[PDB]
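In this analysis, Cβ positions are derived from the backbone assuming ideal geometry, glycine residues included, and neighbour counts consider all displayed protein chains. Where a number appears in this text, it was derived from the coordinates with a stated rule and is not lab data.
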Amino acid sequence: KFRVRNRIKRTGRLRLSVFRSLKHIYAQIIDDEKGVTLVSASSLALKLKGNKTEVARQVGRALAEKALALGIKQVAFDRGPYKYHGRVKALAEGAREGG
Amino acid sequence: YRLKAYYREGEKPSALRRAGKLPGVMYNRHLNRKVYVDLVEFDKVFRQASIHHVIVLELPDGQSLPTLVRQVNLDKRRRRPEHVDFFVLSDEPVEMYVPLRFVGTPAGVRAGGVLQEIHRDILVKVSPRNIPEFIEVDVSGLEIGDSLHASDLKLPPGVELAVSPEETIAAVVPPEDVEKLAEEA
Amino acid sequence: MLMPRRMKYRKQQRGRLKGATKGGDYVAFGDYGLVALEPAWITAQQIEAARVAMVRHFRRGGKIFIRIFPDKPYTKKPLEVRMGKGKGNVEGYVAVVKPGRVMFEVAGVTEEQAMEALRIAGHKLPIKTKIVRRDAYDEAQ
Amino acid sequence: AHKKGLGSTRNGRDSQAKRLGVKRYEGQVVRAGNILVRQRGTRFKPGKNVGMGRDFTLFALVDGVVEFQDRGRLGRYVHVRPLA
Amino acid sequence: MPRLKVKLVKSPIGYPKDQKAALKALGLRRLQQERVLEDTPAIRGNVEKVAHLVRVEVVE
RNA sequence: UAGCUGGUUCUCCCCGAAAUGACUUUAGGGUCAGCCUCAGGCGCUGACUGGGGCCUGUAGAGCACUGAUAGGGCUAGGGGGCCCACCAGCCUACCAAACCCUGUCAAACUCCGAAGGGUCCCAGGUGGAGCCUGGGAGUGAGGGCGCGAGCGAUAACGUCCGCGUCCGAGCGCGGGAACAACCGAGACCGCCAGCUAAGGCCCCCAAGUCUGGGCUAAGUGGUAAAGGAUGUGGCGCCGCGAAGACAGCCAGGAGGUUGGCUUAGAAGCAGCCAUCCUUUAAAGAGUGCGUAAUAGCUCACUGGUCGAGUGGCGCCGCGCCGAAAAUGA
RNA sequence: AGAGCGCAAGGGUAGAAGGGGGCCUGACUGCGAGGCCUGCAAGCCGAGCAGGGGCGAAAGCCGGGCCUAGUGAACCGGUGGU
RNA sequence: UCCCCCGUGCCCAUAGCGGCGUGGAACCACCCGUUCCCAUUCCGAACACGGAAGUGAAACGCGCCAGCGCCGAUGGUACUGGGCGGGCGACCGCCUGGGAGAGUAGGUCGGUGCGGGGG
């Protein structure tokens, strides 16, 4: 309902397929084509913390290092209902350079 | 009733036809060989059949099996059968067209009126253990404009239904004369 | 007779008419029937001529059905003109009928009745036809 | 002879047929700036180094060879893939 | 692959240009011209195109 | 001046066209490419076809878009009445939105969708294939047959397009009786030599009055239809029948009755309905003629005689009527 | 997807081209690889490049409009500049 | 190695509908507060920022059914390259290959790889 493929306006190059839902933050970074993923980092689904906004911060930056281990530099935050309230982890400092 | 059968090989119909054999296919659930019969007795016997009566095909293979008809493609040009389909029977509730015999001479009828032959042959789900012969249809009390349909018909104890049932099986229609020369206007 | 009162194209090109009925040699209606033999148009004038001769001969008769329907625009140019400059005129409203097509059928008649009737009715049309009963026609919808 | 009232028309007017169609297919090398699909609506949607313009026209961005694809709940696809 | 062998039986004058292009693709000159040939679905189809102007035999 | 008419001169040799697309004060002229020609260059490319990859909505056909479409059934509203108001009922051999079913139609409808054409890839294919530059052209009224569409009237030795070809330029050859384009078939020349194509073999006129069996009685053959008939051959179907039939002949052929309804009358019998019951072995609510309507005659039906086949319905091949215009067949 | 998508219809579209708001002004400048098309001429398509500009958190889009109609070579001259 | 779920993607409806059964222990979803970030041509519905008690109906995940819906063999035919007669035409026939949809049989409510958590 937010399709439009915002992912088509993200088919540009290199993805960061995620989704947010009540308790867990599913911050994943995905190599496309074959859809072979790579870098995951979550709320307590990574066994980190319990508030999404703080987690986000820490998680993104944790995720940063993960990306920076596998020769990863830039993608694009993937979500249609994203709205973008940053969660200023905003996977920008979190590896990507982002914004 | 009885009819002959022979296995088709795969020889082009053109010959089989032009000689005197009537080409066709038979099947059941998955089986699907090819066959042929002979026009004359085939024609003569089919009149006492269609998807109203059951047929038997004896075969020089050591096996004689009965079937029901189904799908008959024609020549269009010069009008006559040129191919037949025969579904092999079973005993598991099958669906096809039972004949409805019109019965009753009411008010639509007699006082002019013509019956509306809609569905003599009707789609019903009857177990091939039972065989509904000639399902009677009550006309005994109907007048022009009205009709008859649905479950109003005879539903034999060994036969189930599955059409609508809404579908008007028959009705009565007004006659014509020189009154449509007034319509001519 | 009969036709649309407003269809889609006043004019349309003649076309080619070879054969195969396209569909319509069984029944589901009448008990006797009349079926064509050549690939031609049948004129609604001739059509109603048949309808007449029919219900005409057998008065007080039941119901007859016409499976066909005259919906083909004939292009008739004005009389004494010259070549080109236009086309014909929406005249001759007719139908495309090929051999083996049930033009029209009777139900509720009598044997010899349906006979002589459809006999004459067919004798009217710009061709010749077949007078048929009802038995093999069963199934095909 | 006698030729009374006749008439005219209004239809001696036709649209100059513009050559439309698909030019290059799988098996043909197309190198950077070669039109290969002429169309009006999206009869052929672009993709892998394929391109579209200001009139729904597919062409070549790479020095690659064409190939096709079918994606029902999306459309018809052309993908001009090159070499590794 | 066996050897094919064909003549020319029926005049070229008044028939399709494609078929005549096949007649060149064989080398078939004037009427009555016995021709030594090699087998291959290509030339086979080429010759099947003229299956009326040409006498057929697979000389081995 | 003359985009027009006309003339345009010796010999042979090699190849060999177009009688379109665009634009034109353009339409029977023209410049541009296309189709021919010579020179030189480039080398298996080209037509053709085998496989493979993909582009395609014509035919058919279907009815899911869209229109049309018959027929029924259902049913919003509406025709109208009975019938009230807080508002409703109810009914029909009426009209009709839509829907369901019954079939149905279409170039500008399209769910399916061929044959086919198209083009790239690998492959063969040596041919007055092909590519490339360069000088010389002419050609731009074309026509017929072939199928596929328009137009005409599913007329025109009509015109309009497309693929396909013969002419033109093959009126050089042989069939086609004669005939540019139908069939067959590409002419360097000679031959008092062999085969063979198309047609053809009784003689024109060259070759079988060969071979073998089917149809027809018309000169059909030797050029016509819807339609028509106990023409003739062959096939098939349903009774009749040795319990006894087709047909002929003898006879019975009846009673309510004048069926009722109509009608001046309608009595089996000018017409609507109908749509019996009985004496009987068998005889009708009648099949024709006839009557003013009755009358009569009469067929039906059933016995007597009889003595062997008979009556009808459909098909296929060839025929016959259908069938008249002009110097002589 | 029968709505709408200026206007005719075709094709197309709700994984937007439709409709609502915010900043704007890429109906950008110097060039154009290579293709459509084709008698010439004219028309059609556009990557990328560099100057700078707008929006976007970004990835990124922008050389007018969902496209096909809205057009006139040249000779002459107006007008501002080099 | 695999089970259940979450994030995800590919096949293009035999993947969809509908009816139904089941799960919340991590999840998902409703839920919860509307101070804060934030927005609605009006709505804390929506997007939100902060989250204890609860819930498994609704959201959805898995299962059973075909009634609707989608697929559709196999016989035969349509039409057709190419070849060849017959008819005044309108049109019909034969071989050689090519081969539909119409429908009957029957099929089908799923197929599947990347990543994550618990066991």
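With the calculation restricted to Cα positions, what are the radius of gyration and Dmax of the stretch B:52-170 in angstrom?
Rg then Dmax for the stretch B:52-170, in Å: 17.6, 58.
From the mean inverse distance of alpha carbon pairs (Kirkwood) and the Cα radius of gyration, derive Rg over Rh for the protein assembly as shown.
With Rg and the Kirkwood Rh in hand, the quotient comes to 1.12.
For the stretch E:11-60, what number results from the quotient of the Cα radius of gyration and 2.2 N^0.38 Å?
Compared with the compact-globule rule of thumb, the stretch E:11-60 sits at 1.09.
How do D:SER15, A:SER40 rank when sorted from fewest to most other Cβ atoms within 10 Å of their own Cβ?
Ascending Cβ contact count within 10 Å gives the list D:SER15, A:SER40.
Could you point to the residue in B:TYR6, C:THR21, B:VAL56 farthest towards the positive end of the protein assembly as shown's charge dipole, with +1 and -1 charges on the Cβ of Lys/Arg and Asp/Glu respectively?
About the Cα centre, the residue reaching furthest to the positive side is C:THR21.
Work out the mean other chain Cβ neighbour count within 10 Å for the residues of B:68-79 and drop it here as an integer.
5
Helix-derived [θ] at 222 nm for chain B: sum -39500 (n - 2.57) over DSSP H runs of at least 4, divide by residue count, nearest 500?
Per the formula, -2500 deg cm²/dmol.
Quick one: putting +1 on the C-beta of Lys and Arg, -1 on the C-beta of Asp and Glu, what dipole do you get for chain B around its Cα centre, in Debye to the nearest 20?
1380
What does the average come to when, for each residue of peptide C:74-87, you count the partner chain Cβ atoms lying within 10 Å of its Cβ?
2
What's log10 of I(q)/I(0) for the stretch C:29-137 at q = 0.12, 0.13 Å⁻¹, Debye sum over Cα points only, no solvent?
Summing over Cα pairs of the stretch C:29-137 leads to -0.45, -0.52.
HN-Hα J couplings of the stretch C:35-44 from phi, Karplus 6.51/-1.76/1.60, θ = phi - 60°, integer Hz, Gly and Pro as x?
Using θ = phi - 60°, the values come out as 10, 5, 10, 9, x, 9, 6, 10, 6, 4 Hz.
Exactly which chymotrypsin sites (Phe, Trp or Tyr not before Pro) in the stretch A:48-99 are in a DSSP loop and have at most 16 other Cβ atoms within 10 Å?
Filter output for the stretch A:48-99: A:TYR82, A:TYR84.
Could you work out, residue by residue across B:170-183, how many beta carbons of other chains sit within 10 Å of that residue's beta carbon, and then give the average as an integer?
3
For every helix of n ≥ 4 consecutive DSSP H residues, a contribution of -39,500 (n - 2.57) applies; sum these over chain E, divide by its total residues, and give [θ] at 222 nm rounded to the nearest 500 deg cm²/dmol.
-8500 deg cm²/dmol
Quick one: grab the alpha carbon gyration tensor of chain A, order the square roots of its eigenvalues as a ≥ b ≥ c, and give me rounded if a/c is under 1.5, else prolate or oblate depending on whether a/b is larger than b/c.
oblate
Using Cβ contacts closer than 10 Å as the measure, can you line up C:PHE65, D:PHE68, D:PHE59 from fewest to most?
D:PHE68, C:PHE65, D:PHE59
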